[PDB]
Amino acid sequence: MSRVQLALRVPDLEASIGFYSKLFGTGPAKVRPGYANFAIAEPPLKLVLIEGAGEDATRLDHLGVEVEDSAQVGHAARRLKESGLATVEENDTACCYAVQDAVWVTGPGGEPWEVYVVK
């Protein structure tokens, strides 16, 4: 039972939390200066808002697939490595108010993806 992760670099975090509460009909799961997240049931979605220091507009920070356990993260790592993708693995790695196992790739046009579990 995994979900898409969508992490956005937003110019106004406060306006953004406001807007996403309305769009999804639910408040954030977590709020800390310069960061918020929403854990959305339908559609399955982890929405990450990161506050950008003076960009004009919202832009993509990264994308992701949140899996159920580290076991799934490692399957995904081996499978992606086997398909010929350049990968970067991380274990028990702090970051944004959580600990995660993750594997990272980048699409041809430079957009970053992580397959990850939050521990």
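Don't overthink the numbering: it's just position in the shown sequence, from 1.
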Stretch with the greater mean C-alpha B-factor as recorded in the entry, comparing 89-97 against 68-76
89-97
59-67 set against 23-31, stretch whose average Cα temperature factor tops the other in the entry
23-31
For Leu8, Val4, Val115, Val118, the deposited C-alpha B-factor is largest at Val118
So where's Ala53 on the chain's Cα temperature factor ranking, which third?
highest
